[PDB]
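Some notes on the structure that comes next.
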Amino acid sequence: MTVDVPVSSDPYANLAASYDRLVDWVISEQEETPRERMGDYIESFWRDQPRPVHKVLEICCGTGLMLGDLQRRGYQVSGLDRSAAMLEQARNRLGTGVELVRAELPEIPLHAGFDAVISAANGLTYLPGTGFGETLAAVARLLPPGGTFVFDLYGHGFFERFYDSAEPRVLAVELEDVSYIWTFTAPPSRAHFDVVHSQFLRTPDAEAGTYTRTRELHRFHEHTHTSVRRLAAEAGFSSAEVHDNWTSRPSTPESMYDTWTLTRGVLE
Amino acid sequence: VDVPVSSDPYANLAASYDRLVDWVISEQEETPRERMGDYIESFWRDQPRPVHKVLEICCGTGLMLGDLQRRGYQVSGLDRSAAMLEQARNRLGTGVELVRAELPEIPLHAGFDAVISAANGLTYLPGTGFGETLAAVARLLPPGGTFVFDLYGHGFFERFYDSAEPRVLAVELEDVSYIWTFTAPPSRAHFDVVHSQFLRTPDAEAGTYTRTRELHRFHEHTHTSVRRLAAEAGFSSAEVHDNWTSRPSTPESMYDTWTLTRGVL
Ligand SMILES: Nc1ncnc2c1ncn2[C@@H]1O[C@H](CSCC[C@H](N)C(=O)O)[C@@H](O)[C@H]1O
Ligand SMILES: Nc1ncnc2c1ncn2[C@@H]1O[C@H](CSCC[C@H](N)C(=O)O)[C@@H](O)[C@H]1O
């Protein structure tokens with residue numbers, strides 16, 4: 001339909017069952033960092049901090065790809081996501097002993113503290129500026145002095161790559177049992193950035209060649225370096241560094257993904 | 001999942017083709033039929049013999065023929081696709097002669113003042129059938145009669161077959177979504193596009209689509225080859241320009257427009 005696709009309460013509800021396979025493709029062809037290398041970066045940062053990390057929360061934990069990596073390294077992990085469908089996959093991966101809470105950021109209905117909080121593979125880009133700042137504030141209240149918060153965002157280069165003309169760009173891939181078509185549009189103001197995620201899955205109990213299309217609107221926000229630094233300071237983080245895509249290289253106007261390392265200050 | 005060449009690659013596309021052409025025009029530099037007709041008419045007005053009877057081979061759904069019909073020419077069409085010709089018969093009416101045949105066969109029993117082929121149908125012919133088609137067209141024309149057609153230019157093959165991984169292009173249109181995958185063998189003897197098409201399923205609940213996949217197999221005919229085959233067919237002149245303009249053709253051209261003139265016997 002040429003008419004606009006509305007924003008659903010859970011844009012991942014139809015994707016959760018095929019998400020892990022799609023991640024494999026984004027890692028191969030769209031520079032997304034493997035969760036093992038994200039974990040290596042996170043652990044290296046933690047090892048530079050004076051307080052040891054044991055309890056870890058991931059917000060926007062999705063199907064648990066990042067949490068599963070940390071579980072295998074020996075951490076006591078917990079997850080939060082707004083999508084029941086994603087969390088069902090995470091439950092299968094992590095087992096029944098891991099706490100997984102369904103909540104929509106900036107709400108974090110957890111009272112006990114964590115030694116560290118993370119968010120991998122760009123979930124925080126779904127938050128508008130106001131809710132992003134409130135999420136940083138909520139994460140700060142879970143951390144002790146010196147505790148860390150490590151997350152990624154789409155970098156400036158992502159927005160310039162996929163929103164560079166009045167005419168929308170289209171990206172597609174055909175995988176074994178699913179075809180995806182992504183159409184990227186943004187308002188003239190560029191206040192947010194939309195992707196229509198069209199997914200074609202074979203229709204069960206139907207003649208060969210039959211597919212069911214579902215469409216979901218994924219609405220992204222660019223959080224600039226200057227805004228992230230301001231909101232981190234407001235939330236009570238005494239330092240905030242950014243690097244290019246889970247490496248030690250500087251973040252630049254070309255970066256496709258930015259990786260933020262925040263340290264909680266000493267004022268409660 | 002490999003796709004073979006169908007006898008009619010356009011059978012599943014004919015019903016959606018005119019709308020797809022609107023998108024190619026707005027995004028892939030295909031020339032509107034009115035501007036192709038303008039170019040053709042300007043070329044004809046440089047010839048000493050007036051043009052009235054016009055045949056288009058690879059006439060498809062009749063978009064080019066409809067433009068010339070509007071201008072007053074007596075038009076005829078040839079295409080191998082019954083599905084495409086059904087659309088052409090709707091646009092042009094029942095009085096226009098439309099013949100189903102696969103080039104190089106042209107089963108017609110009278111000549112034309114001019115022959116055309118618009119929007120790159122002749123790129124589906126390999127070298128041998130392309131040369132035989134030029135020979136068949138020459139035999140429809142009087143001395144000095146002209147043949148105007150387009151081909152994919154060198155820039156098209158460079159743009160879509162240079163990457164280390166096969167290029168994928170896509171769009172969602174009205175009731176149909178397309179994914180195109182561009183591959184070529186190492187020999188580069190031909191150039192393939194797999195046309196993966198999701199078309200709404202009639203009488204099914206909303207969101208049901210039927211996928212069909214068609215192989216479109218293209219050939220690059222170099223300028224040297226075209227001039228050689230034009231000479232062999234009996235054309236005395238053969239000029240090439242960039243995409244239906246008077247600008248010269250270059251290695252960067254996406255579309256080449258050929259203007260051939262039949263020689264004297
Ligand atoms: N406001 C919000 N509150 C909670 N979860 C959110 C959210 N906005 C997006 N998400 C979640 O962000 C996730 C992004 S996909 C990333 C999943 C996982 N971290 C991984 O490494 O693969 C989705 O599961 C989505 O449901
Ligand atoms: N060998 C062949 N013989 C006859 N028609 C052919 C052919 N190879 C390709 N075609 C036809 O070439 C057409 C290309 S599409 C172009 C259609 C029309 N000239 C227009 O201006 O839109 C299709 O209709 C296809 O069926």
Side-chain angles (χ1 to χ4, degrees), chain A residues 4-6 8 13-15 18 21-22 24-31 161-162 164-166 168-185 194-218, chain B residues 2-4 6 9 11-13 15-16 19-20 22-30 159-160 163-164 166-183 192-216:
Chain A
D4 283 9
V5 173
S8 297
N14 281 307
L15 181 52
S18 60
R21 297 171 281 239
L22 176 56
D24 291 331
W25 180 79
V26 185
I27 291 171
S28 187
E29 302 298 318
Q30 306 299 336
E31 311 186 51
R161 168 170 168 190
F162 287 102
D164 66 321
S165 185
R169 288 198 50 184
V170 185
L171 185 71
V173 64
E174 306 173 297
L175 303 176
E176 283 97 298
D177 307 323
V178 57
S179 292
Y180 299 102
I181 303 178
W182 297 282
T183 300
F184 300 80
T185 60
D194 289 347
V195 193
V196 172
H197 166 102
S198 283
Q199 169 184 302
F200 297 84
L201 298 168
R202 290 199 182 263
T203 306
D205 310 319
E207 181 195 1
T210 307
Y211 286 76
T212 298
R213 182 182 79 173
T214 60
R215 299 192 292 183
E216 293 294 339
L217 186 71
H218 293 252
Chain B
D2 275 353
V3 187
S6 297
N12 286 309
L13 184 50
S16 303
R19 289 175 300 265
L20 175 60
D22 292 331
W23 180 82
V24 189
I25 288 172
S26 73
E27 322 271 1
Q28 303 298 333
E29 314 183 39
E30 181 171 294
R159 170 181 170 190
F160 289 103
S163 43
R167 293 201 62 191
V168 176
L169 192 78
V171 71
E172 303 206 85
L173 294 189
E174 181 169 13
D175 289 319
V176 67
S177 299
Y178 302 102
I179 303 172
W180 295 284
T181 303
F182 296 78
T183 64
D192 288 343
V193 189
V194 173
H195 173 103
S196 195
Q197 166 185 300
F198 294 89
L199 182 61
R200 285 203 181 269
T201 303
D203 304 324
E205 69 179 12
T208 306
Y209 288 76
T210 295
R211 186 184 69 168
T212 55
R213 296 185 304 191
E214 291 298 336
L215 192 62
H216 292 252

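Reminder, nothing fancy here: chain letters follow the sequence lines and each chain counts from 1. Heavy-atom basis, side chains included; hydrogens, waters and symmetry copies ignored.
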**Report entry** Spacing of A:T212 atom OG1 and B:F198 atom CZ [to the nearest 0.5 Å]
**Finding:** 11.0 Å

Report task. Please round to the nearest 0.5 Å and tell me the distance separating atom CD of A:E207 and atom OG1 of B:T201. Result ->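 The OG1 atom of B:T201 is 9.0 Å from CD of A:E207, to the nearest 0.5 Å.
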
Query raised in the report: Is the number of heavy atoms from other residues, nucleotides or ligands within 6.0 Å of CZ (A:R21) greater than 12?
Result: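 12 or below, so no.
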
Query raised in the report: Would the number of heavy atoms belonging to other residues, nucleotides or ligands and lying under 6.0 Å from CG of A:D177 be above 12?
Result: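 Not more than 12 within 6.0 Å, no.
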
Report task. Against chain B, label A:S179 side chain, backbone, both or neither, depending on which of its atoms sit under 4.5 Å from a heavy atom there. Result ->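 Contact with chain B is through the side chain of A:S179 alone.
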
**Report entry** Partner residues of A:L15 under the side-chain contact (heavy atoms from CB on, under 4.5 Å) criterion, sequence neighbours left out
**Finding:** A:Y12, A:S18, A:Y19, A:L22, A:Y180, A:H197, A:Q199

Requested in this report: Sequence neighbours left out, what passes side-chain contact (heavy atoms from CB on, under 4.5 Å) with A:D194? Give chain and number order.
Outcome: A:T185, A:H192, A:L217, A:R219

Query raised in the report: Is there a side-chain contact between A:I181 and B:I179, using heavy atoms and a 4.5 Å cut-off?
Result: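 A side-chain contact exists here, since the closest heavy-atom pair is under 4.5 Å.
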
Query raised in the report: Are A:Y211 and B:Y209 an aromatic pair by the rule of ring centers under 6.0 Å?
Result: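 Centroid distance A:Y211-B:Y209: not below 6.0 Å, so no.
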
Query raised in the report: Are side-chain N/O atoms of B:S196 and A:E174 paired as donor and acceptor at under 3.5 Å?
Result: yes

